[PDB]
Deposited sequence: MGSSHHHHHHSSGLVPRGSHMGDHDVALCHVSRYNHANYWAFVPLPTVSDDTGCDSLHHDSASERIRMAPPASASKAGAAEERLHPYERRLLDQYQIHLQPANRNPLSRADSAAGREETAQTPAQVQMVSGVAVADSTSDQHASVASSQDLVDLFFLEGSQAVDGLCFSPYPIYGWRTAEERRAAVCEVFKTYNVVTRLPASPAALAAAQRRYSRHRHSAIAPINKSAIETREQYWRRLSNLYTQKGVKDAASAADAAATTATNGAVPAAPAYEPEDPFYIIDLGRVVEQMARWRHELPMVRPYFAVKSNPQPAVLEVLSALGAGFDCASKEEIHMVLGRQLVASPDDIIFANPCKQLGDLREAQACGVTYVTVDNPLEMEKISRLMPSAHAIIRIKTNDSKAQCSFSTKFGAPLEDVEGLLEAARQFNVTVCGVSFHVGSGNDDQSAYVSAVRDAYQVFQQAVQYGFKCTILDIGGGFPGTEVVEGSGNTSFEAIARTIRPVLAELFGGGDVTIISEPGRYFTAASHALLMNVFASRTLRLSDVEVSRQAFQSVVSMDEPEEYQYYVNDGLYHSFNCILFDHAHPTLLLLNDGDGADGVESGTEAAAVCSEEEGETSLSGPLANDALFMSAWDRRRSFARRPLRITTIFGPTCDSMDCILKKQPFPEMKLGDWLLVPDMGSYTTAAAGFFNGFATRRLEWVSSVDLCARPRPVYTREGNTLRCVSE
């Protein structure tokens, strides 16, 4: 386990710079309209805006977190919950993406974590934006994160009429579709649209499968193309999503092979597809690695999309954000019961199921609870701050005996946590501590 990968970050920022005579390290230009000098400056500017203190570690990731947590414990109360946000891990994930797949430009899925510093860093690094609502389109455009609305893909296969109207008025063009009734809607409200056909995937192995709601089945792509030509809709490409948190390499290879068949079928209707969107699903934390996935996708892209006439894009969400956040919660209350002399040790922490831990229900997450300064193992039950007995993050499981004032550290909490969190009982985690694990800004 490693706290940082400094070597990749150095190579990423060097690429296309005057120090290497504006030379790229592959047949692909660097992601983004900015030059290598402009891109490094834009990233440092974001780091300044959010007062990011550079904290470097070789230390494991857990050790890096335990050490930074002890440092950060001492407009908020001393015992309030908080997030340590490592914006260096975001930068590093972009460096890791470029090194593995320079043929694929990443379009950040805003839905995973719409934190303004995360959107700003990714904009400055050359990433595009994947928006699913008029609210998401507005938070990218209103903060000047894209040089053109062509850098936004509206990846929601089923959209409300007012959203189709608002994306058209905004200049948004690339819009997802997977059903005949949606083709008609796009033709009416987005006349200047560049339609991208989303197809069904073998997503059974994913943490969160989505073929149940989205993705045109292969046998139905025929009638969908038919309707696009009919309503004068321009089909410019094909997209897919193998499910969020999918380690199945075979599902990525199988989806690109199926997407190639759609490119063929599209010619017969008057469409020359120029965009292949491979969606998300990539892991964001350190058995399947992102490298193993990239290794199996690279040859298939060379085999069927290595002609040079098509642009290859992706929509990673979790990949960029998961490892960036660590949650710190104070154990402020406790009581002991008798098991039906066995004793249950119940504790109460200032975050839980209604807020950051909603991921236990919506994301099928299983976060790791680290006792900050680890005591005998007791049958422990841990609750959130709300008045609900359902707000429980751990029920009757062995865990070292804790005391009031102790802290719980939960790393890898940057994806599908605060993005879906509510404010039930009036509890929220508002204190943010911005750090950078990578050397980049002096």
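Undergrad: In sequence order, which parts of the deposited sequence are missing C-alpha coordinates?
TA: Seq positions lacking coordinates: 1-143, 201-228, 246-271, 484-489, 544-559, 594-641, 710-727.
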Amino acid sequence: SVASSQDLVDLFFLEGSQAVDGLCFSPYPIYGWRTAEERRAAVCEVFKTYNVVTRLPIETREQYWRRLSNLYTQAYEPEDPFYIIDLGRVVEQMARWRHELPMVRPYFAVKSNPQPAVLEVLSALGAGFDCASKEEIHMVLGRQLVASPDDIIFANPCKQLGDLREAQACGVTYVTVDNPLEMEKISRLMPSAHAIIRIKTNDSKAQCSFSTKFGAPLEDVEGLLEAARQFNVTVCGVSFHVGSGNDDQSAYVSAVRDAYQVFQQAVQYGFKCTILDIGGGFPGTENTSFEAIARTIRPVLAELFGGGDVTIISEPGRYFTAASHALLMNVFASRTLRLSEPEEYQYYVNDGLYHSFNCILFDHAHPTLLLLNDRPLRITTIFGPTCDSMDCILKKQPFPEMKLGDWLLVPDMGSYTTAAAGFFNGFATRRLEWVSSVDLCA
From here on, numbers count along this sequence of modelled residues.
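Undergrad: Mean C-alpha B factor from the entry: is it higher for 147-155 or for 105-113?
TA: Higher mean C-alpha B-factor: 147-155.
Undergrad: Comparing average C-alpha B factors as deposited, tell me which of 409-417 and 36-44 sits higher.
TA: According to the entry, 36-44 carries the higher average C-alpha B-factor.
Undergrad: Quick one: which of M183, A95, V118, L327 has the biggest Cα B-factor according to the entry?
TA: By C-alpha B-factor in the record, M183 ranks first.
Undergrad: Say you rank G279, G317, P78, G352 by Cα B-factor from the PDB entry; which sits at the top?
TA: Largest recorded C-alpha B-factor: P78.
Undergrad: Using the B-factor values recorded in the entry, state whether the Cα atom of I85 falls in the lowest, middle or highest third among the modelled residues of its chain.
TA: Within its chain, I85 is a lowest-third residue by C-alpha B-factor, going by the deposited values.
Undergrad: Ordered by C-alpha B-factor within the chain, which third holds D388? Give me lowest, middle or highest, please.
TA: Lowest third of the chain for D388's C-alpha B-factor.
Undergrad: Lowest, middle or highest third: where is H99 by C-alpha B factor in its chain?
TA: CA B-factor rank for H99: lowest third.
Undergrad: Going by the CA temperature factor in the PDB record, which third of the chain does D163 belong to: lowest, middle or highest?
TA: Its C-alpha B-factor belongs to the middle third of this chain's values.
Undergrad: How does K205 rank on Cα B-factor within its chain, lowest, middle or highest third?
TA: According to the entry, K205 has a C-alpha B-factor in the chain's middle third.
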